[PDB]
Amino acid sequence: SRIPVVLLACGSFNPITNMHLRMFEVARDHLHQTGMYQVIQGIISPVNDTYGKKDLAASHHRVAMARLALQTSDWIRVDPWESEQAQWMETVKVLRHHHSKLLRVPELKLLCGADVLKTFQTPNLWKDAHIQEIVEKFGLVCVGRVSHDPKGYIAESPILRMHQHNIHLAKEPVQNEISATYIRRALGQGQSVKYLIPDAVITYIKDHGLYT
Amino acid sequence: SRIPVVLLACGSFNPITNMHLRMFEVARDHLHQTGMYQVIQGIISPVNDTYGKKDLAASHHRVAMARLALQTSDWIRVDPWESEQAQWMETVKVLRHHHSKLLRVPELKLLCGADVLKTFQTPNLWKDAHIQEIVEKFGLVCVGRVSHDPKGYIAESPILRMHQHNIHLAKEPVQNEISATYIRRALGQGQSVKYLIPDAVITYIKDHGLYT
Amino acid sequence: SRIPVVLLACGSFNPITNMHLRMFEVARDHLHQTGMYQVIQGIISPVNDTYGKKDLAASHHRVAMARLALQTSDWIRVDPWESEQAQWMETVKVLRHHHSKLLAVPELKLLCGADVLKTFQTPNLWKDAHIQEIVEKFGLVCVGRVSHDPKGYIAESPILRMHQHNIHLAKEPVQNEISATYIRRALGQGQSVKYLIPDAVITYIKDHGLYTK
Amino acid sequence: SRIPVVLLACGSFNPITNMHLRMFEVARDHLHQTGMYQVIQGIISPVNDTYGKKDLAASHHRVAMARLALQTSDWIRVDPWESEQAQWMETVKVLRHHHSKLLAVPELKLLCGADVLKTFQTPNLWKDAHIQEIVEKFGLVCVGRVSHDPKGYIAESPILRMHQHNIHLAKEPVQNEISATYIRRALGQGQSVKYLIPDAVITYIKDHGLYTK
Ligand SMILES: NC(=O)c1ccc[n+]([C@@H]2O[C@H](COP(=O)(O)O)[C@@H](O)[C@H]2O)c1
Ligand SMILES: NC(=O)c1ccc[n+]([C@@H]2O[C@H](COP(=O)(O)O)[C@@H](O)[C@H]2O)c1
Ligand SMILES: NC(=O)c1ccc[n+]([C@@H]2O[C@H](COP(=O)(O)O)[C@@H](O)[C@H]2O)c1
Ligand SMILES: NC(=O)c1ccc[n+]([C@@H]2O[C@H](COP(=O)(O)O)[C@@H](O)[C@H]2O)c1
C-alpha cells in the first residue's frame, strides 16, 4: 500500500500567490506518480512577524488571505500555529511541531521551490544539523524554478547527496514565475494582479488597504 | 479626454487559461498608463469549429468555459458571434463585425500575444491587405511572450513599421507561459491544472468529459 | 552496435547564433544517451534567398558566417547546396538530397526546435505527405523551447503520433531563448551581441557592414 | 562629458560562463545609453578558496579560465588579487582595494545579477554599513534575472531606496538562465557545455581534468 504523506510549506506568503498554490498540486501529482505515496494533506504555514529585515503584512492578514485562497481546495489548509508563536522559529522546529500533531502514521515532508536548496548553501543561514534532520527525519519535495538546478545542488551538498531517497524532485513543466515582490510592487502602483493571485485575496487586500 | 477603447481577443480558447485572462489585464494597464486611452470593454471571441487541422472542443463548450472564466470580471465578456457563424472567418472580418456593432465612438483594437506578430510572417497565412487593415483601420495591442521580440517583428515588417502609432507593446513583467496544449495534455493524463485555469472551467471540463 | 546518424538543420541562420549551435550539441548528447545512436556529423543548411516574407542577409553571407562559426566544431559543417539552388526548396527535398549524398547507410534526421512541430499544424504550410516522409523516412530531433509543449503537439497530430518513435525529444534545461530577431535588432542599434553569437560571426558582420538599420 | 566607469564583478566563476560575460556587455551598453557614463574597463575577480560551503575548483584554475575566456575581450580582464589573499574578504573591501588602485578618478561600480539585491535581505549576510557604502560610494549595476524583481527589492529596502540613483538596472531580454551549477553537473556527466561557456574554457577544463564526478 501507499505511504500517507502530508506536505508542509513554510514561507512568508506575503501574499500567497497562484504559484505557491500550484506548487502543492505539482508536488502531489509527482508523489502520486511515483506509485509509492498518497498525499493526504497540504499545510501552508505563514512565517511569524518577527522574521526578517522585510516589512511583511501582519500575520493575521497573511493567514486570512491564505485561508481565502484555499477555500476552493479540498486538501490544502493554512495552519496559523507558527505565526502565533511569540517569535520566529527555525523551520525544523515547525516540522517537529506538526509531526507531533500528526500523533496527537503519515510521513511529513517539507515542500519548497528549488530556490530553497540554494539557500542551504548560504553561510550561517541553515544549521547543517537542521538540513540533515529535514532530509533524514522528514523529507523534502522540491518543485523546479527557473534558473535553478536542483540536481546539482543536491550533488554538491555533502548532506543532501547522502539522503536522496528522501528528496523528491518534481518538474514544473509550466513557465509560471510569479514573484510576490512583483505582486506587492504592482499593487502599490495600482496595477492589476488579477489572474496572478486568487480573486478573494485581491478583494481582501483592497478591503484592508494592504500593500499600499 | 481619453479615447475609449475596446479590446478584442480572437483565438481558440481551448480552453481559456489564466494566461489568456492575464493578457487583458496587462493590456488595459498598459493603455491606461499611456494616459491617452480608457479601456471600456474586453471581448473574447472563440474561433469557429471549422478552423484548423486541430481537434478543438465544440465551440459551445469553449464559449461556456470562457463565460465561466469571466464571471469574476467586470469588464471582459465572451461574444459567441464568430463561433456561431457557418464557417471560419479571417480575423479582420471579425474586427469589422464588432466595429459595426459598436455603432449599432470607441476605438476597436485587436489584442494578441507577441507570438501573433511572428505568424504574420508565415507565407500565405495572413493577407498583406489584412495585416495593413488591422493596424491602420483598427489597432494592435501586443503582450510580450518569452522567446519573442515584438520590436524586431515590427521593424522588419514593411507594413507594421509604417503604422507604429496604432501598435501598442505591453511588457509582461511576469514569467507566465501557460500553454493550452500543455493544459490539454495534463488533463488527458489526469494531472492537475488547478491554479493554471479558473476553477469553474476545471469543473466544467470534468462535468462534460472534455479533453480526455 | 549504434546506428550512425547525421543531423541536418534547415533554417535562416540570419545570423547563426550560439543557440542554433547549442541545439546540435544538446541533440547529439540526447541521441547518444539513448544508447542506440552515434552522431557522426551535423549539417547547417541556410535557406534560399527567395524564401519567405522577411528580409534575409545574402545567402553568401549566411553561409560564410556559419562556416566561420563552425571553425571550432569538429563535427558540424555548413553545406550551401540548398541556398545555391535557383529557388527555395521544401525541406523534404533537401533531406532527400542530403540522404542521396550519403549513399550500412547512416540515418539522416532533421534537427529543429519544438516550435517547428507547431508549424506543422499551419494550414497549407507543410504537405501532409511531406510531414509523413520527414518523420517516417528521416526522423526528427526536437530541442525544447520555452512556451512549447512538443509532447502535446505529437499527441494531437495523427501523423506524428503514429510515427512518434522517430521523433526524439531533447531537453536543454538552459533558457537561452536568444532569438535571431533580437540579435538583428541589437546589431542595428549598435548594441553588443557578444557571448550571444560567436566572436567570429561578429567580426564578419562588422567587416562586411551587415544588419545595419 | 562622460563619467569614466570601471565595472567589477565578484563571484565564484566556477567556471566563468557565457552568461557571466554577457552581463558585462549588457551593463556597459546600459550605462552608455544613459549618456552620462563611459565604461573603460571590466574586472572579473574570482572569490577566495576559503569562501562558503560549496566546493570550488582551485582559484588558480578559476583565474586561469577567466584569463582564457577574456582573451577575446578588449576591455574586460581578470584580477586575481582577491583570490591571492590569505582569506576571503567582504566585497566592500575588494571594492576599496580596486578603487585605491585607480587613484578625475573613474567611478568603480559593482556588477551583479538582480538576485544579489535579494541576498542583501538575508540576516547576517551583509553588514548594513557595507550595503550602504557599496551603493553610496561605489554604485551597483544590476542585470536582470528571471524570477527576480529588482525594482521591488530596491523599494523595500530603506538603504537601497535612499540611494537608488546609484543603482543602475539593465535589462537583457534574452533568457540565458545558464547556471554554473548546471554547467558543472553537465561536465561531470560527460555532456557538452559548448556554446554555453567559452571554447577556451572547455579546453582548459579538459586539459586539467576539472569538474569530474
Ligand atoms: N535556518 C532556518 O531554519 C531557516 C533559514 C532561512 C529561512 N527559513 C524559513 O524558510 C522561509 C524563508 O523565507 P524567505 O526566503 O522569505 O526569508 C521562511 O519560512 C523561513 O522561516 C528557515
Ligand atoms: N488570415 C487570418 O485572418 C488568420 C490567420 C491565422 C490565424 N487567424 C486567427 O488568429 C487565431 C489563431 O489561432 P491559432 O494560432 O490556434 O491557429 C484564430 O482566431 C484564427 O482565426 C487569422
Ligand atoms: N513545407 C516545407 O517544406 C516548409 C514549410 C515551412 C518552413 N520550412 C523550412 O523551415 C526552415 C525555417 O523556416 P521559417 O523561417 O519560416 O520558420 C526553412 O528551412 C524553411 O525552408 C519548410
Ligand atoms: N558581506 C559580503 O561582503 C558578502 C556576502 C555574501 C556574498 N558576497 C560575495 O558575493 C559573491 C558571490 O557570493 P555567492 O556565491 O555566495 O552568491 C562573492 O564575491 C562573495 O564574496 C559578499
# chains A, B, ... in the order shown; residues from 1 in each chain; ligands from 1
call {"tool": "select_by_dssp", "arguments": {"residues": "range 132-202 of chain A", "states": "alpha helix (DSSP H)", "output": "JSON, numbers by chain"}}
result
{"A": [132, 133, 134, 135, 136, 150, 151, 152, 153, 154, 155, 156, 180, 181, 182, 183, 184, 185, 186, 187, 188, 199, 200, 201, 202]}
call {"tool": "residues_around", "arguments": {"residues": "residue 193 in chain D", "least_positions_apart": "3", "cutoff": "12 Å", "atoms": "only C-alpha atoms", "output": "PyMOL selection string"}}
result
(chain C and resi 18-19+21-26+28-29+172-174) or (chain D and resi 15+17-18+178-190+196-203+205-206)
call {"tool": "residues_near_ligand", "arguments": {"ligand": "ligand 3", "cutoff": "9 Å", "atoms": "only C-alpha atoms and all ligand atoms", "output": "VMD selection string"}}
result
(chain B and resid 121 to 123) or (chain C and resid 9 to 13 45 to 48 51 to 54 88 to 94 112 115 to 116 119 to 120 124 to 127 130 to 131)
call {"tool": "residues_near_ligand", "arguments": {"ligand": "ligand 2", "cutoff": "7 Å", "atoms": "only C-alpha atoms and all ligand atoms", "output": "NGL selection string"}}
result
(:B and (10-12 or 46-47 or 51-52 or 88-92 or 125-127)) or (:C and (122))
call {"tool": "residues_around", "arguments": {"residues": "residue 187 in chain B", "least_positions_apart": "5", "cutoff": "8 Å", "atoms": "only C-alpha atoms", "output": "MDAnalysis selection string"}}
result
chainID B and resid 192:193 211:212
call {"tool": "closest_residue", "arguments": {"among": "A:1, A:124, A:50, A:14", "to": "ligand 4", "atoms": "only C-alpha atoms and all ligand atoms"}}
result
A:124
call {"tool": "residues_around", "arguments": {"residues": "residue 157 in chain C", "least_positions_apart": "5", "cutoff": "10 Å", "atoms": "only C-alpha atoms", "output": "mmCIF file with N, CA and C atoms, in the first residue's frame"}}
result
data_model
loop_
_atom_site.group_PDB
_atom_site.id
_atom_site.type_symbol
_atom_site.label_atom_id
_atom_site.label_comp_id
_atom_site.auth_asym_id
_atom_site.auth_seq_id
_atom_site.Cartn_x
_atom_site.Cartn_y
_atom_site.Cartn_z
ATOM 1 N N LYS B 53 -6.587 22.267 -38.400
ATOM 2 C CA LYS B 53 -6.326 20.835 -38.581
ATOM 3 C C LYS B 53 -6.293 20.194 -37.197
ATOM 4 N N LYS B 54 -6.670 20.973 -36.191
ATOM 5 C CA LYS B 54 -6.655 20.504 -34.818
ATOM 6 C C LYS B 54 -8.039 20.084 -34.376
ATOM 7 N N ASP B 55 -8.074 19.298 -33.312
ATOM 8 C CA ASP B 55 -9.336 18.843 -32.766
ATOM 9 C C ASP B 55 -9.670 19.697 -31.553
ATOM 10 N N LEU C 117 7.337 21.780 -34.658
ATOM 11 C CA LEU C 117 6.242 20.836 -34.604
ATOM 12 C C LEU C 117 4.922 21.590 -34.636
ATOM 13 N N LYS C 118 4.906 22.775 -34.033
ATOM 14 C CA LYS C 118 3.672 23.534 -34.010
ATOM 15 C C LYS C 118 3.346 23.997 -35.423
ATOM 16 N N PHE C 120 3.734 22.639 -38.090
ATOM 17 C CA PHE C 120 3.212 21.557 -38.914
ATOM 18 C C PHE C 120 1.691 21.691 -38.925
ATOM 19 N N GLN C 121 1.152 22.321 -37.889
ATOM 20 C CA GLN C 121 -0.297 22.491 -37.765
ATOM 21 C C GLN C 121 -0.868 23.610 -38.640
ATOM 22 N N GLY C 152 2.597 17.382 -26.492
ATOM 23 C CA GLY C 152 1.213 17.631 -26.853
ATOM 24 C C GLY C 152 1.066 17.758 -28.364
ATOM 25 N N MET C 162 1.519 8.524 -34.850
ATOM 26 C CA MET C 162 1.766 7.214 -35.468
ATOM 27 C C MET C 162 3.248 6.910 -35.644
ATOM 28 N N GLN C 164 5.716 8.511 -33.727
ATOM 29 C CA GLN C 164 6.406 9.174 -32.621
ATOM 30 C C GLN C 164 7.741 8.557 -32.232
#
call {"tool": "interface_residues", "arguments": {"of": "chain A", "to": "chain B", "cutoff": "6 Å", "atoms": "only C-alpha atoms", "output": "number ranges by chain"}}
result
A: 18, 22, 174-178, 195
call {"tool": "residues_around", "arguments": {"residues": "residue 177 in chain D", "least_positions_apart": "2", "cutoff": "6 Å", "atoms": "only C-alpha atoms", "output": "list in words"}}
result
residues 147 of chain A; 174 and 175 of chain C; 175 of chain D
call {"tool": "residues_around", "arguments": {"residues": "residue 105 in chain C", "least_positions_apart": "2", "cutoff": "10 Å", "atoms": "only C-alpha atoms", "output": "ChimeraX atom specification"}}
result
/C:3-5,99-100,102-103,107-108
call {"tool": "write_last_selection", "arguments": {"atoms": "C-alpha atoms", "output": "CSV table (one decimal), in the first residue's frame"}}
result
chain,number,residue,atom,x,y,z
C,3,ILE,CA,23.1,3.4,-35.7
C,4,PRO,CA,25.2,6.2,-37.4
C,5,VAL,CA,23.2,9.5,-37.6
C,99,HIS,CA,20.4,11.4,-48.0
C,100,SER,CA,21.4,10.6,-51.6
C,102,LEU,CA,25.3,9.7,-48.0
C,103,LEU,CA,24.7,6.8,-50.3
C,107,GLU,CA,20.1,7.7,-40.8
C,108,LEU,CA,19.6,11.4,-41.6
call {"tool": "closest_atom_pairs", "arguments": {"of": "chain D", "to": "chain B", "cutoff": "12 Å", "atoms": "only C-alpha atoms", "output": "tab-separated table"}}
result
residue	atom	partner	partner_atom	distance
D:144	CA	B:173	CA	11.2
D:145	CA	B:175	CA	11.1
D:146	CA	B:175	CA	7.6
D:147	CA	B:175	CA	7.3
D:148	CA	B:174	CA	9.7
D:149	CA	B:173	CA	8.7
D:150	CA	B:173	CA	11.4
D:151	CA	B:173	CA	11.3
D:171	CA	B:173	CA	11.3
D:172	CA	B:149	CA	12.0
D:173	CA	B:149	CA	8.4
D:174	CA	B:147	CA	7.8
D:175	CA	B:147	CA	7.9
D:176	CA	B:147	CA	10.9
call {"tool": "write_last_selection", "arguments": {"atoms": "N, CA, C and O atoms", "output": "PDB file, in the first residue's frame"}}
result
ATOM      1  N   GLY D 144      19.185  42.028 -14.928  1.00  0.00           N
ATOM      2  CA  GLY D 144      18.011  41.241 -14.604  1.00  0.00           C
ATOM      3  C   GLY D 144      18.184  39.744 -14.689  1.00  0.00           C
ATOM      4  O   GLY D 144      19.016  39.250 -15.463  1.00  0.00           O
ATOM      5  N   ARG D 145      17.405  39.034 -13.877  1.00  0.00           N
ATOM      6  CA  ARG D 145      17.421  37.574 -13.839  1.00  0.00           C
ATOM      7  C   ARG D 145      16.003  37.059 -13.682  1.00  0.00           C
ATOM      8  O   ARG D 145      15.227  37.544 -12.852  1.00  0.00           O
ATOM      9  N   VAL D 146      15.657  36.069 -14.499  1.00  0.00           N
ATOM     10  CA  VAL D 146      14.323  35.509 -14.443  1.00  0.00           C
ATOM     11  C   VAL D 146      13.943  35.206 -13.001  1.00  0.00           C
ATOM     12  O   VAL D 146      14.739  34.641 -12.244  1.00  0.00           O
ATOM     13  N   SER D 147      12.731  35.593 -12.631  1.00  0.00           N
ATOM     14  CA  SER D 147      12.254  35.337 -11.288  1.00  0.00           C
ATOM     15  C   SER D 147      12.549  36.411 -10.253  1.00  0.00           C
ATOM     16  O   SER D 147      12.084  36.318  -9.118  1.00  0.00           O
ATOM     17  N   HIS D 148      13.326  37.421 -10.621  1.00  0.00           N
ATOM     18  CA  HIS D 148      13.653  38.478  -9.671  1.00  0.00           C
ATOM     19  C   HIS D 148      13.061  39.817 -10.067  1.00  0.00           C
ATOM     20  O   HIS D 148      12.987  40.133 -11.249  1.00  0.00           O
ATOM     21  N   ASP D 149      12.634  40.587  -9.071  1.00  0.00           N
ATOM     22  CA  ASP D 149      12.053  41.904  -9.296  1.00  0.00           C
ATOM     23  C   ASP D 149      12.916  42.966  -8.592  1.00  0.00           C
ATOM     24  O   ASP D 149      12.586  43.424  -7.499  1.00  0.00           O
ATOM     25  N   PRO D 150      14.023  43.380  -9.228  1.00  0.00           N
ATOM     26  CA  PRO D 150      14.954  44.390  -8.675  1.00  0.00           C
ATOM     27  C   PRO D 150      14.267  45.659  -8.194  1.00  0.00           C
ATOM     28  O   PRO D 150      14.570  46.176  -7.119  1.00  0.00           O
ATOM     29  N   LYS D 151      13.342  46.183  -8.997  1.00  0.00           N
ATOM     30  CA  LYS D 151      12.654  47.393  -8.593  1.00  0.00           C
ATOM     31  C   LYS D 151      11.989  47.216  -7.243  1.00  0.00           C
ATOM     32  O   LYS D 151      11.978  48.123  -6.440  1.00  0.00           O
ATOM     33  N   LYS D 171      18.406  45.630 -18.517  1.00  0.00           N
ATOM     34  CA  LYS D 171      17.560  44.523 -18.936  1.00  0.00           C
ATOM     35  C   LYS D 171      18.118  43.734 -20.108  1.00  0.00           C
ATOM     36  O   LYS D 171      18.277  44.284 -21.193  1.00  0.00           O
ATOM     37  N   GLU D 172      18.439  42.460 -19.902  1.00  0.00           N
ATOM     38  CA  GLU D 172      18.882  41.648 -21.035  1.00  0.00           C
ATOM     39  C   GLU D 172      17.656  40.835 -21.386  1.00  0.00           C
ATOM     40  O   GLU D 172      17.278  39.912 -20.656  1.00  0.00           O
ATOM     41  N   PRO D 173      17.009  41.179 -22.506  1.00  0.00           N
ATOM     42  CA  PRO D 173      15.804  40.498 -22.991  1.00  0.00           C
ATOM     43  C   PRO D 173      15.969  38.982 -23.165  1.00  0.00           C
ATOM     44  O   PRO D 173      14.994  38.226 -23.099  1.00  0.00           O
ATOM     45  N   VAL D 174      17.206  38.539 -23.378  1.00  0.00           N
ATOM     46  CA  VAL D 174      17.483  37.117 -23.593  1.00  0.00           C
ATOM     47  C   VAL D 174      17.487  36.275 -22.316  1.00  0.00           C
ATOM     48  O   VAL D 174      18.162  36.611 -21.337  1.00  0.00           O
ATOM     49  N   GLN D 175      16.744  35.170 -22.345  1.00  0.00           N
ATOM     50  CA  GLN D 175      16.646  34.275 -21.198  1.00  0.00           C
ATOM     51  C   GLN D 175      17.977  33.918 -20.552  1.00  0.00           C
ATOM     52  O   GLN D 175      18.223  34.249 -19.387  1.00  0.00           O
ATOM     53  N   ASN D 176      18.832  33.237 -21.311  1.00  0.00           N
ATOM     54  CA  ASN D 176      20.150  32.817 -20.830  1.00  0.00           C
ATOM     55  C   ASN D 176      19.989  31.836 -19.667  1.00  0.00           C
ATOM     56  O   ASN D 176      20.138  30.626 -19.846  1.00  0.00           O
TER      57      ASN D 176
END
call {"tool": "decode", "arguments": {"residues": "range 30-46 of chain B", "atoms": "N, CA, C and O atoms", "output": "tab-separated table (two decimals), in the first residue's frame"}}
result
chain	number	residue	atom	x	y	z
B	30	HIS	N	-1.49	48.84	-19.48
B	30	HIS	CA	-0.55	49.50	-20.37
B	30	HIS	C	-1.21	50.69	-21.08
B	30	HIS	O	-0.67	51.80	-21.09
B	31	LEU	N	-2.39	50.46	-21.66
B	31	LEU	CA	-3.08	51.55	-22.36
B	31	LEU	C	-3.39	52.71	-21.43
B	31	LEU	O	-3.22	53.87	-21.80
B	32	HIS	N	-3.84	52.41	-20.23
B	32	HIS	CA	-4.15	53.45	-19.27
B	32	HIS	C	-2.89	54.21	-18.87
B	32	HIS	O	-2.92	55.43	-18.64
B	33	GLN	N	-1.79	53.47	-18.81
B	33	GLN	CA	-0.51	54.04	-18.43
B	33	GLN	C	-0.06	55.12	-19.42
B	33	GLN	O	0.61	56.08	-19.02
B	34	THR	N	-0.42	54.96	-20.69
B	34	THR	CA	-0.03	55.92	-21.73
B	34	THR	C	-0.67	57.28	-21.47
B	34	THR	O	-0.16	58.31	-21.91
B	35	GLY	N	-1.81	57.25	-20.79
B	35	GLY	CA	-2.53	58.47	-20.48
B	35	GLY	C	-3.52	58.91	-21.56
B	35	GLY	O	-4.30	59.82	-21.33
B	36	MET	N	-3.50	58.25	-22.71
B	36	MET	CA	-4.38	58.61	-23.82
B	36	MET	C	-5.65	57.78	-24.02
B	36	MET	O	-6.53	58.19	-24.78
B	37	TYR	N	-5.75	56.64	-23.35
B	37	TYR	CA	-6.92	55.78	-23.53
B	37	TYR	C	-7.64	55.34	-22.26
B	37	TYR	O	-7.07	55.30	-21.17
B	38	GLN	N	-8.91	55.00	-22.45
B	38	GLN	CA	-9.74	54.47	-21.38
B	38	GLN	C	-10.35	53.18	-21.92
B	38	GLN	O	-11.27	53.21	-22.76
B	39	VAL	N	-9.82	52.05	-21.46
B	39	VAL	CA	-10.34	50.77	-21.91
B	39	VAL	C	-11.69	50.59	-21.25
B	39	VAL	O	-11.80	50.63	-20.03
B	40	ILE	N	-12.72	50.40	-22.06
B	40	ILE	CA	-14.05	50.25	-21.50
B	40	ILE	C	-14.62	48.84	-21.59
B	40	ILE	O	-15.54	48.49	-20.83
B	41	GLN	N	-14.07	48.01	-22.48
B	41	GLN	CA	-14.60	46.66	-22.64
B	41	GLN	C	-13.57	45.69	-23.26
B	41	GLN	O	-12.72	46.09	-24.05
B	42	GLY	N	-13.67	44.43	-22.87
B	42	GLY	CA	-12.80	43.40	-23.39
B	42	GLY	C	-13.74	42.35	-23.96
B	42	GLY	O	-14.79	42.08	-23.37
B	43	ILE	N	-13.37	41.77	-25.09
B	43	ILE	CA	-14.17	40.75	-25.74
B	43	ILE	C	-13.36	39.51	-26.15
B	43	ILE	O	-12.38	39.62	-26.87
B	44	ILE	N	-13.77	38.35	-25.65
B	44	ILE	CA	-13.12	37.08	-26.00
B	44	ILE	C	-13.98	36.50	-27.11
B	44	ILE	O	-15.19	36.36	-26.93
B	45	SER	N	-13.37	36.17	-28.24
B	45	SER	CA	-14.14	35.62	-29.35
B	45	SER	C	-13.53	34.32	-29.83
B	45	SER	O	-12.57	34.32	-30.62
B	46	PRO	N	-14.08	33.20	-29.34
B	46	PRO	CA	-13.61	31.86	-29.70
B	46	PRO	C	-13.77	31.58	-31.19
B	46	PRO	O	-14.78	31.94	-31.82
